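S.K.: Mind having a look at this structure? Questions to follow.
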Amino acid sequence: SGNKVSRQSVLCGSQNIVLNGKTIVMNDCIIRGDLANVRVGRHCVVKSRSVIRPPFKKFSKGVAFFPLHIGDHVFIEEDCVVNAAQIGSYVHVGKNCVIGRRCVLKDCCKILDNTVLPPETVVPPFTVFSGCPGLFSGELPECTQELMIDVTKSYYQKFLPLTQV
Amino acid sequence: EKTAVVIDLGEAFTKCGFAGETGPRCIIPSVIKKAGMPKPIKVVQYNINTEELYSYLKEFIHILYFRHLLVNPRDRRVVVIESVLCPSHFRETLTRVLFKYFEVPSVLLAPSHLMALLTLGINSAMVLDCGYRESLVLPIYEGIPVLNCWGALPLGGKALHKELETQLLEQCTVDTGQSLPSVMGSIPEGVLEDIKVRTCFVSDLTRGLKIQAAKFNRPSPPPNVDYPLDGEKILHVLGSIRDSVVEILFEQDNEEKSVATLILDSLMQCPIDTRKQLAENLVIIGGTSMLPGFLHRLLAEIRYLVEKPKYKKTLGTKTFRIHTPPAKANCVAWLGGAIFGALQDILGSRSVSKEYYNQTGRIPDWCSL
Amino acid sequence: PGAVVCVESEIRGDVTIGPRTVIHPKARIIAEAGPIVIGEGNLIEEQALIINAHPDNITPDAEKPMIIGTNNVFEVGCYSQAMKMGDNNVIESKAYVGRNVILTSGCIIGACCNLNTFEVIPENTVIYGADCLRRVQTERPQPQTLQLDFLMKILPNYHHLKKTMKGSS
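Protein sequence lines, in the order shown, are assigned to chains V, J and U.
Positions in the first sequence are counted from 1; adding 17 to them yields the deposited numbering.
Mapped onto the deposited numbering, the consecutive letters of the second sequence carry residue numbers 12 to 188, 193 to 232, 239 to 390.
Positions in the third sequence are counted from 1; adding 12 to them yields the deposited numbering.
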């Protein structure tokens, strides 16, 4: 009900796909859950041109990859190729980002713009991601990240209300 | 009880780790990464504002001890391996940052050549440290460094970088994105370091003389290989160019000076009884000495200079042996400081403490009073 | 026939795809300039932009039809505008092929990598993602046995995943 899905956005595999309350799918989004399921958290803002593709078929005899996930208050930036990443709640994904195979994003993370998280890259909680090759830039503040996520959730709710159908 | 910290600062790279461990834990370059900055700024600089340097040193030390050491240096001692003739202004700034900001228990500003001598485990040696900025000579005899016998030409890593930048700009061959020479005015330093490590083949004495003869009125030009580069602009670098860049390090004429001649000038200044032991124990350390096929070209050039009439009348017949160290050529100075700090809790007492710094004023540099 | 062409995917001009080819959703295959040629078992992922260079000039002709090799794993969001490719070449996501190219067999392009215009990539060499033309890391990508076996395993996983996707519909 509360989830504002855009008209230009596409959600392939509706049974596999999953959208929590107060969600926001921007225009030209692609939540392709044909092969596997895609779980979106509450108050999660998926920005425009975001390719939400399923990680694996989940039909492998041994060591099948985890399909998709997204914690609450997840600020997914525009043009972000989210694939096979278990995003912890309050994860701030950067613009033009790229998630790897079975990448574990921790709580209160801050992915930089134009980043590339590699396969099986376990990011630590309260830490800014940086570099061309994934690495720890520095420890992030708890109060500043929570305030920015609250402001982003309020702004997305206003755009969710009007001008989309 | 307490393993002390070891630091070895410099303009290009910085060896750092724990005292006692055979070789350092890590070696991050001297530059720092700042938010909202086009290029990375070097930490170790001279002749520049005091408060700015203080902030630059704090910024470098903060990024260092978390990544390198994984500990507070407030528990145990530090060994700051300054190269001798590192400006007193820069030492005072280091002393301020270590005591005022961080509040360490103790510090030490000991020389690089004496510690590099502690690695060999001999009391007398002629030493040469070919770093980034300068190529410093300093003979040690029976522990004490003989100071007035010395030499340091501006002919280290930075001189080789400048020559590479000049010769590549004169003869350039970049691919399309073929021709198009001298499109970009300059090139970055980190790329130019990687070119020196991989491409630059050091020549022999006979090859070097043939190149010098060719420059002033062509033999053995190969081999040549291209170097890949970002943004789809591969450049076809030549083989005669990189050999010519290496040749200027050993160029005698019209200065009467080179890396080889600097040892002979240092030996000339030394007294007669000291002379023979320094000649027997000729140690080579530093960054430029890591280049492939360097120690032959030096030893052969040293011998050629001794054969010349001007050095026969003083030096004459001498057994120039190059006793090499346990660790690699760049990381000899650090290993000596690690030996000095780890073993002796006694020789930690001679170094300056926090209690002594506050009341007095400064660590004593080799000066008056 | 015998190629998994998606409904959302777009094709234009002459385009002869090989056997067991997999065209993913929202994939552009603009072959208006010249006749496109896809190899057998070549998987084109979603949001991919397959372009061609306008060709046939008498003196120093610009290009010819972009011939993709067999078992070529083109990742999602990958640009391939006029680039000659070899068999068993794994182009990563967000990549960009040059205006002219010669990608040899057993390749492995990195993510966010700008492949060179008028540059032939050698046989058996994995490209680092960031700065172009990185020579390092080419042993595990050997020209065969190591990369041919890995690409055969990658082609099997791609065919198995595409078969599961085709079964789901």
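The beta-carbon is built from N, C-alpha and C at its ideal position, and this holds for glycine as well.
Identify whether residue 182 of chain U lies in helix, strand or coil by the three-state DSSP scheme.
M.R.: Summary: the structure shown does not reach residue 182 of chain U, with chain U confined to residues 13 through 181, and so no result is reported for it.
S.K.: Nearest-angstrom Cα distance between J:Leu285 and J:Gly168?
M.R.: Computed Cα separation, rounded: 21 Å.
S.K.: At 3 residues or longer, what runs of the beta strand (DSSP E) sit wholly inside the stretch 26 to 90 of chain J?
M.R.: Runs of the beta strand (DSSP E) inside the stretch 26 to 90 of chain J: 26 to 29.
S.K.: Quick check: is the beta carbon of V:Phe76 nearer than 8 Å to any beta carbon in chain U?
M.R.: Answer yes: the Cβ-Cβ gap between V:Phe76 and chain U drops below 8 Å somewhere.
S.K.: Residues of chain U with CB closer than 9 Å to the CB of J:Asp251, please, in chain order.
M.R.: In chain order: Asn126, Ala142, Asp143, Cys144, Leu145, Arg146.
S.K.: Determine, using beta carbons only, whether V:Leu122 comes closer than 8 Å to chain U.
M.R.: No, no contact with chain U.
S.K.: Am I right that V:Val57 and V:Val27 are in contact with their C-beta atoms under 8 Å? What's the rounded C-beta distance?
M.R.: No, V:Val57 and V:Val27 are not in contact; Cβ-Cβ is about 14 Å, not under 8 Å.
S.K.: For U:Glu57, count neighbouring C-beta atoms within 10 Å of its own C-beta (all shown protein chains included) and say buried if the count is 16 or more, exposed if not.
M.R.: With 16 or more Cβ atoms within 10 Å of its Cβ, U:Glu57 is classed as buried.
S.K.: Run through chain U and tell me which residues come within less than 9 Å of residue 191 of chain V, C-beta to C-beta.
M.R.: A question about residue 191 of chain V goes unanswered here, because the residues of chain V that appear run from 18 up to 182.
S.K.: With DSSP collapsed to three states, give me the class of J:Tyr325.
M.R.: Residue state, collapsed to three classes: helix.
S.K.: Would you say U:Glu22 reaches chain V, if we count a Cβ-Cβ gap shorter than 8 Å as a contact?
M.R.: Chain V, which has no Cβ nearer than 8 Å to the Cβ of U:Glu22, makes this no.
S.K.: I'd like to know whether the C-beta atoms of U:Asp68 and U:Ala43 end up nearer to each other than 8 Å.
M.R.: Result no, Cβ atoms of U:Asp68 and U:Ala43 do not sit closer than 8 Å.
S.K.: Given that U:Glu131 touches chain J, what residues does it touch there, using C-beta distances under 8 Å?
M.R.: What U:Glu131 touches in chain J: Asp186, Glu253, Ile255.
S.K.: The alpha helix (DSSP H) with J:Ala363 in it runs from where to where?
M.R.: Element bounds for J:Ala363: 353 to 364.
S.K.: In terms of DSSP beta bridges, what is V:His109 paired with?
M.R.: DSSP output for V:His109 lists V:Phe92, V:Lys127 as bridge partner(s).
S.K.: For chain U, is any of its Cβ atoms less than 8 Å away from the one on V:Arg49?
M.R.: Yes - at least one Cβ of chain U is within 8 Å of the one on V:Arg49.
S.K.: What are the uninterrupted segments assigned as beta strand (DSSP E) that are 3 or more residues long and contained completely in the stretch 49 to 103 of chain U, given in chain order?
M.R.: Taking only runs of at least 3 residues, the beta strand (DSSP E) segments lying wholly in the stretch 49 to 103 of chain U are 61 to 63, 91 to 93.
S.K.: If contacts are defined as beta-carbon pairs under 8 Å, then V:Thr132 and V:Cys120 qualify, I think. What distance do you get, rounded to the angstrom?
M.R.: Actually they do not touch by this definition, with Cβ atoms about 11 Å apart.
S.K.: For a contact meaning CB atoms closer than 7 Å, what does U:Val88 contact in chain V?
M.R.: By Cβ distance, chain V contributes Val68, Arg70, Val98.
S.K.: Say whether chain J places a C-beta atom closer than 8 Å to the C-beta of U:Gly110.
M.R.: Yes, because at least one Cβ of chain J sits closer than 8 Å to the Cβ of U:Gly110.
S.K.: Taking only the alpha-carbon atoms, compute the straight-line gap between U:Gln154 and J:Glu63 and give it to the nearest angstrom.
M.R.: Answer to the nearest angstrom: the Cα atoms are 51 Å apart.
S.K.: With a cut-off of 8 Å on the beta carbons, I'd call U:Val88 and V:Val98 a contact; round off their distance for me.
M.R.: Sure, about 7 Å apart at Cβ, within 8 Å.
S.K.: Consider the Cβ of U:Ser92: report whether some Cβ of chain V lies at a distance smaller than 8 Å.
M.R.: No, because no Cβ of chain V sits closer than 8 Å to the Cβ of U:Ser92.
S.K.: At a Cβ cut of 8 Å, what residues of the stretch 139 to 172 of chain V count as close to chain U, listed as they run along the chain?
M.R.: Hits within the stretch, in order: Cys149, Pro150.
S.K.: Is the beta carbon of J:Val157 sitting closer than 8 Å to the one on J:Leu120?
M.R.: No.
S.K.: If you drop the 5 nearest sequence neighbours on each side, which residues of the same chain put their C-beta closer than 7 Å to that of V:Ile87?
M.R.: Excluding positions up to five away in sequence, the list reads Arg56, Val57, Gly58, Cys61, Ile104.
S.K.: Figure out for me which residue from V:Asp124, V:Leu52, V:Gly19, V:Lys78 has the closest Cα to the Cα of V:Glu156.
M.R.: V:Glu156 has its Cα closest to that of V:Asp124, out of V:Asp124, V:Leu52, V:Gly19, V:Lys78.
S.K.: Can you tell me where the beta strand (DSSP E) holding V:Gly155 begins and where it ends?
M.R.: Here the beta strand (DSSP E) through V:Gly155 covers 152 to 155.
S.K.: Would you list the residues sitting across from V:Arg56 in a DSSP beta bridge?
M.R.: Answer is V:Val35, bridged to V:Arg56.
S.K.: Determine the direct distance from the alpha carbon of J:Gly28 to that of J:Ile39, and round the result to whole angstroms.
M.R.: One C-alpha to the other measures close to 11 Å.
S.K.: Quick check: the Cα distance between J:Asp264 and J:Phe216, rounded to an integer number of angstroms?
M.R.: Cα to Cα, the separation comes out at about 6 Å.
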